[PDB]
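Protein chains in written order, with the deposited numbering: chain B, 7 to 448; chain B', 7 to 448; chain A, 7 to 448; chain A', 7 to 448. A prime marks a further copy of an entry chain.
There are 4 protein chains.
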Amino acid sequence: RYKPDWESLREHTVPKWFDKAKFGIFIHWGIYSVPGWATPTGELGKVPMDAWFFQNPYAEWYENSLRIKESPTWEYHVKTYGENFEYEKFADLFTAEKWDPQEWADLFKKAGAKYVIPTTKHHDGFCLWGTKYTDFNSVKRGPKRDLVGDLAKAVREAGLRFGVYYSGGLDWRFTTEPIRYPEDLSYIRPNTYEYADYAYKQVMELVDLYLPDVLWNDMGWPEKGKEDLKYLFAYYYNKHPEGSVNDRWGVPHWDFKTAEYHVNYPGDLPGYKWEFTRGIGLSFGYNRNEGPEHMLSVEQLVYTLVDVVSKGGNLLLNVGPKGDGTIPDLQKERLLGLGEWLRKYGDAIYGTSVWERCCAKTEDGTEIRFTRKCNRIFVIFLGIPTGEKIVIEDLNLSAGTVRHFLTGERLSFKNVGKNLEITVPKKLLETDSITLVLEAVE
Amino acid sequence: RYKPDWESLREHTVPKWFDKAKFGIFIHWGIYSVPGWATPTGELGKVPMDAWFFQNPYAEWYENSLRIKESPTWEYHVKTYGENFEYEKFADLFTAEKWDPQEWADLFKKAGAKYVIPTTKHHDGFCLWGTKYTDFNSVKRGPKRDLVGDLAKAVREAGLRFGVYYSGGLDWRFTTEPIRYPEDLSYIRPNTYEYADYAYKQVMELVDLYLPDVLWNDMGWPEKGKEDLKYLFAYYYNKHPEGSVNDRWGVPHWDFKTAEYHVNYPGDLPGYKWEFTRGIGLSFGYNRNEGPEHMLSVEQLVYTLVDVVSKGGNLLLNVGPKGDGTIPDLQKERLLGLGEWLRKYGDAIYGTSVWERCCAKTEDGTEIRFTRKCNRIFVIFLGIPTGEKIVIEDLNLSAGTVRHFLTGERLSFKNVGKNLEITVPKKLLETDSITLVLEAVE
Amino acid sequence: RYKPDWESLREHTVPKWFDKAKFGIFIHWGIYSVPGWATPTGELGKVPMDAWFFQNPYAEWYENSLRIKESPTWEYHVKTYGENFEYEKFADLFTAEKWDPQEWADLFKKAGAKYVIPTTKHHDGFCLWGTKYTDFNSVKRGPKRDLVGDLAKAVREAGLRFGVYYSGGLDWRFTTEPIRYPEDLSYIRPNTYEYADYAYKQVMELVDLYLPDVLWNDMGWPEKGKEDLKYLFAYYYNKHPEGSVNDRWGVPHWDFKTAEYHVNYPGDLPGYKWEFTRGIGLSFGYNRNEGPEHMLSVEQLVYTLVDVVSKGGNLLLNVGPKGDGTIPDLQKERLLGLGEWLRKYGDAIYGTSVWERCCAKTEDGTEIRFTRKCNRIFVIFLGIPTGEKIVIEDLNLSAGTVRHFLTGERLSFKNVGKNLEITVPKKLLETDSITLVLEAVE
Amino acid sequence: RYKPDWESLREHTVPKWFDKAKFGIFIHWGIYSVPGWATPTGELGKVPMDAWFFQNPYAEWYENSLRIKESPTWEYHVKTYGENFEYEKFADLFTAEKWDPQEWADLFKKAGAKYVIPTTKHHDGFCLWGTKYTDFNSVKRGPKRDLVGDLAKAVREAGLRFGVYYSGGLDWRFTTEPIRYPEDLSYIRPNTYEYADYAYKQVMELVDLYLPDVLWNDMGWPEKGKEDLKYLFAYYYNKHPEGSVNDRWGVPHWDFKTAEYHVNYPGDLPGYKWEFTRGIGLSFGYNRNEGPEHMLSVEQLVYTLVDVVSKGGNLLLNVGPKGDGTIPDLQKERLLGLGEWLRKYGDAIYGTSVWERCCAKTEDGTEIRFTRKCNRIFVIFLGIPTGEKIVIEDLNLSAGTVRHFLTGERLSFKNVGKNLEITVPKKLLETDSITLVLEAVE
Ligand SMILES: C[C@@H]1N[C@H](CNC(=O)[C@H](c2ccccc2)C2CCCC2)[C@@H](O)[C@H](O)[C@@H]1O
Ligand SMILES: C[C@@H]1N[C@H](CNC(=O)[C@H](c2ccccc2)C2CCCC2)[C@@H](O)[C@H](O)[C@@H]1O
Ligand SMILES: C[C@@H]1N[C@H](CNC(=O)[C@H](c2ccccc2)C2CCCC2)[C@@H](O)[C@H](O)[C@@H]1O
Ligand SMILES: C[C@@H]1N[C@H](CNC(=O)[C@H](c2ccccc2)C2CCCC2)[C@@H](O)[C@H](O)[C@@H]1O
């Protein structure tokens, strides 16, 4: 039994299932999915913040962008939908006509994800469950259906864990001015006591209807409601000890931390559990402007995953569905690619722990990441070297046997000075898929 | 004029009428009165708290018990009313068909009570007055009548004082999870700001419609609303200086403290004004499972009253009416019994003050309680000794005359050592009713 | 067992000994007693605050007045002691050479007082006990003696209650600027954490060393130390249940309120226990500038006490000794005169309770005050009427026997309308001292 | 880089060295060691708190017991040292004449301990280092030596971790009244700003001078100084990432929880890291009144450690030296015995992790505990069965090979229903020492 207080809540640590699953699927789906439009300006952390809000690569931010008169979105909206076409009007166009929660679940499972977390309410305040605290929800408008619940049922039937995303920190249904600069965030918020209750009542409602595995909050928790989390966290943990929460509440407790695109990405081993998230492209909500030039390629996707996992994190890869519920082909292919690689290399991923170091490199520049499993150490190359002679810089192994992962073949290695030298038979180098994977056993 | 601040509010002390009346009637009446069912497990303070909520002897707690699947109440509810029979449905069955507020008032007056306090809203949130802050009240549902007001009119016309009970601390209309353990109480609460206002607006409303003599709150005051009491207490006291409040608000001010069954019952003279409450049985709300084996007998009732009064308290005895407004015969008889005893011995009760000691005993084990009235000291025996020679242990009187209360007959006494010896003529011992009462005059 | 929190501390109320004693002696004695000088401008409440600090009638305020250059005190100090004579230097002239605490204790007992309260530390920071928290105390300087201690032994020996006075709110040892306007008091205070600690440690030291009957604080408690009082009050009350504290701490608790000269003096019965304090003259500290024209007369003292007492107060009369330890004749006289009247009419004062009303007047304007003791109602005339027929305006006695208090003579009375008429034989009127006192009974 | 705020500090978790060491030595040595006396009333958790402080089994509490006049300690002090012997005087008898920190370090290493934690300052305020914040320390008085310092050099030399104990919650140098009831602890504390500063400055001084591996606070942290810990914890962790703090600060952060004798001792696996602490006898401070009948036996120590360790805890066994610096024979014996068992079975303790369950019992009641190391599961019997056929109640091994840990002998096992049966040849049962230890593998 957890008591409603920070000291006590600290007794709850990231659940084992979370540490072990290493990949999850994020779903930004909503009425913003209908216009499905954003200017693909670039990655968070690379785009200067003075312009960021004016050329927002995040399509879910459509309403905010639309509220900024004369911004690309505003221009696009006027031309395509007209001026007397309010953003809310998209709730009625959002019909999920082609949606089938089971094909989604089926796909995230073939993709190798171990959990799924849909936005139940994003910054625009539209709710994807039949909530009783607002009529701006998917049961009353558009889909005429409890998207959150129906997807929770499919995911779970598919054997995956189910979490929930909630925009606690922002709700444009309670503001009128758009965010034009990052400083605006410190005062352009619901700000009211009424809002702090709404957020509280809404997450409590998600807790009681779906008892999710992850409470994924975004943009901090309304200040007036922060003391409420002591109760909500205790209430939730007492109903679901294996439940978990992220680090976006602005209170003293969290089970795992988060990083988005470049922001907060650790350079080496952070000393805590975390999770990396990004979209397959530059946006989270679907964006019909993104081509594969903006998306990651299965290979980058794989490398991204390995680098995250070697540093102790989980990759929460986002998929951005269309207003009709289908998942754009460019994203489905990248999911399947990654699913394929995980089918071959999963063993050096799921259930692994960090090693003493995350990273290494070969004398010729190929990057190396490590993962552990008791006595086993996985040497994951971010690529497949050409020569049979591999020189790993600044590495010595006290081990004794160094197998070639996929085949199992004992290999020849020698600790030469500050380096490790291994000879990988071209036959083998030729069986690996995106990464050459070795396995030391000490 | 009281100012809205604790230091100032302290200038208000328990009103003289409250100190002097020594007996009041509590009424737990509501929609829980319809099922009128609880398992008579035992008295608060004797029943282990690990089981208490699962076998709740308090019938008003029916909804909480019903929310605990597979608990006696749940089993009983399913069998008797069915699963598709929600607790709220009882608001429509609660018709007070046989209710007559004047017969109630008449009865509490014959019973010797000096004030009356009905639950205006209990933990289930159903309100017994036409409140404007919820439609879950007795004017709109069931009785179709302002129970609170109509009973306030009768009580007052009968010459008694009228107070109000309000579940400030709990409101199941704002929670879904049941209390299974005492620890749950620290987080399973409305918790919202909206709720703190509701409670505030509701007690202010009772203040303006009925200007009650007692603000009897239960289960603490919502934390977010605690600072509001400075205003509400000032507002109330400025409209009714003789009004009063109990000690269940969790703030620095109170006029009298409370104890329930064994909990907080003082062993000797506490140094403050207090009030003891319990039901005639083990429940407050009516319970059709209680037989006289669970109730107190007029004698225990009398002894209970004397012991409370000798220690400076008031006894607030609870009566649990039926859904139709009648008061079960087992309770009416016990009220009348006590009313009868008070008719004979009231003088050594109402208007009395504590003495130097509350308690004493005779050499043969009969317990003695004392009460004062200026120069007069009342020696109230919890029973009627058999022999004409009474030896009171560890007592010496500097008095001079020791009368036999009911008759007035001067008696023979002698301070022998550490004891007091009195000779009570069998004729006299034979006129007393439940207690032998003497009266010293110093 | 009191707990350290306001709700619990509220359980402690004014000790019975305090309510019954009705007169105490205040002693403002310090190094300011040595110059013993002030402009006797008038009574607090009657002198405009725009002038007060510049023409301060309180001689204990000498240091403050002296810091206002060009002030009468400043003129007098330079002419009498020179410019190079720092106020602190008075600690060396303060010798108490002719001091006999037993003589003082006796004088306060003959005077009719039941408790005594000396200034242990006034605003100037000088401590009259061997405190370990500062060297500016009477043990190390001046008297080289613990005045607080020796006086407490002597008061106690005479069988009187001993309380302590402490200036928690001001300590000129922590400031340099004088108080010129009441407004200045809001920022010219010690203000440091250090000071709040000093204050707490010193009052604790006083409780530990002397366990006084009254903790009389003045001028508020340092804001940074207010939370400390929960702990200090619980600590004190647990060592001394019978102890008492006043209402000058600025926190939610106190056992009795206070009034100074005109300030907070009740017009009719307040609903709580209180104490009136003033000097015999206009100062607390000895003022050699006061003559009989600035003092109350024995008649006025008596009239004062009676009025206070009839409104449920205690009179805390101040005496201000000379720097040598002797009590000024003028002051001594008045004390002995009041004592003589208390010797005669004590029984209508000590141990009394307020009646239904405090006041009444005779047809010809003689003010009348009332006190009660059970069934007995004392009728105290502020003076002795000349005629035998007395008409009391707006009184009606439902009693039966009205007697002449001094002799016992039953007297003739008749309820004539909205008045009460009584005949008091001249032989009796001639025996009374300053007050005609009648005793009504039921 | 930790930041000074709870959210960030949460990133720091129990250092890996702590989780792996499984046993440390606590050293309660002070000037209370000189009288070294107490009534060995019983174990915390088993002795009623209404008596505890009056019959305190903790000899370090001598000063507190001594302030309760008419207490066994009081009787013994006056008979043994006289009425005029102030507790502080023990600082001069505390000489550590026969003290050799290297011998101690060695003894704790031979004993099998991995870290040592001496009391740097207990409730009596006496500091065993040359602190600059008080003269009541071991450098200026008694030993005229920095015990903390010399001991830290010596523990480190023996290759053990050194942590520090500090009584932040109590310091009898700041109070005068003894603790008689647990309730008294809520107000008889230093309470001053001054103290909160002293505490912070002293722990800082300890970090600066010795950079300990463990900051072990006791009795809570002064309320006025709690916000200070954000800064002190960030400062400490930034100098010593590998450092650790316990859970007795009363703030939202800690690296491991604690349990004392019966208090907070987990029944099954808690979900966090923790440490059990107790004396070998009933006291922490040396009690010359304890005999073997008051101490654990080597068998019991071993059984204790095993049980703790199987529930993820560390055993923090206390030794209480004599005033002369020598460790009492009885204590030494038990330490060397445990050491001998750790020498044999160390491998089933150090560096282990909890398994799925902590416990199991044999058909005939022998308790069984489990620990794991990767694929290896250690099966520790709290004793050695007499028969060769062993039936473990409610276990089932999906393993394959079960071996006799001491010899390696593979053994015969069969999953018989809800039980596991195994045959352990008597020649093997005869080689075990206090525990039959089996090792299962997969
Ligand atoms: C997963 C994504 N989360 C976004 C919230 N983003 C953040 O909190 C971003 C953030 C994230 C982590 C550290 C600092 C800032 C913002 C980027 C500039 C302002 C702060 C959402 O705005 C976005 O629609 C999507 O839900
Ligand atoms: C007069 C009765 N008051 C009850 C509230 N009870 C309390 O606050 C009880 C209480 C009362 C006094 C001290 C401590 C606790 C609870 C018993 C265990 C949890 C605390 C109500 O729950 C009950 O229905 C009825 O109104
Ligand atoms: C017995 C006397 N008490 C005085 C304290 N007086 C007050 O706090 C007076 C006061 C003001 C309000 C309530 C009660 C008392 C002050 C009149 C000038 C501004 C406030 C002291 O200043 C004085 O030296 C002496 O000790
Ligand atoms: C190792 C020992 N630690 C003791 C501190 N013990 C506690 O705080 C005990 C406690 C209470 C609750 C949780 C953890 C520990 C106390 C039992 C009496 C009331 C609370 C010290 O008092 C004792 O002197 C010694 O240093």
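Where a beta carbon is used, it is the ideal one built from N, C-alpha and C, also for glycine.
Assuming residue i and residue j form a contact by the criterion Cβ under 8 Å, report the distance between their Cβ atoms to the nearest whole angstrom.
i        : j       : result
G175(B)  : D219(B) : With a Cβ gap of about 21 Å, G175(B) and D219(B) do not count as contacting.
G329(A') : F29(A') : Going by Cβ atoms, the distance from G329(A') to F29(A') rounds to 26 Å, so no, they are not a contact pair.
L275(A)  : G318(A) : 6 Å
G118(B)  : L348(B) : 3 Å
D234(A)  : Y206(A) : 5 Å
Please compile the residues from chain A' whose C-beta is within a distance smaller than 9 Å of the C-beta of residue i.
i       : result
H18(B)  : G277 and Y278
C364(B) : Near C364(B) there are no residues of chain A' at all, since even the closest Cβ is about 16 Å away, more than 9 Å.
Using a Cβ cut-off of 8 Å (strictly closer), state whether residue i contacts chain B.
i        : result
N197(B') : yes
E76(B')  : no
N293(A') : no
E200(B') : yes
Check the Cβ of residue i against every Cβ in chain A' and list those closer than 7 Å, keeping chain order.
i       : result
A240(A) : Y193
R7(A)   : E189
Would you mind telling me which residues of chain B' sit closer than 9 Å to residue i, beta carbon to beta carbon, in chain order?
i       : result
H259(A) : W12, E13, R16 and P258
Within 8 Å (strictly less), CB to CB, does residue i reach chain A?
i        : result
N320(B') : no
Which residues in chain B' have a C-beta closer than 8 Å to the C-beta of residue i? List them in chain order.
i       : result
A205(B) : Here the premise fails: no neighbours, minimum Cβ distance about 10 Å.
In this structure, what does DSSP give as the bridge partners for residue i?
i        : result
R382(A') : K379(A')
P124(B') : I33(B')
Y172(A') : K127(A') and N223(A')
Residues of chain A' with CB closer than 8 Å to the CB of residue i, please, in chain order.
i       : result
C380(B) : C380 and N381
For a contact defined as C-beta to C-beta under 7 Å, what are the partners of residue i on chain B'?
i       : result
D214(B) : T182
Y237(B) : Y193 and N197
Any beta carbon from chain A' within less than 8 Å of residue i's own beta carbon?
i       : result
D234(A) : yes
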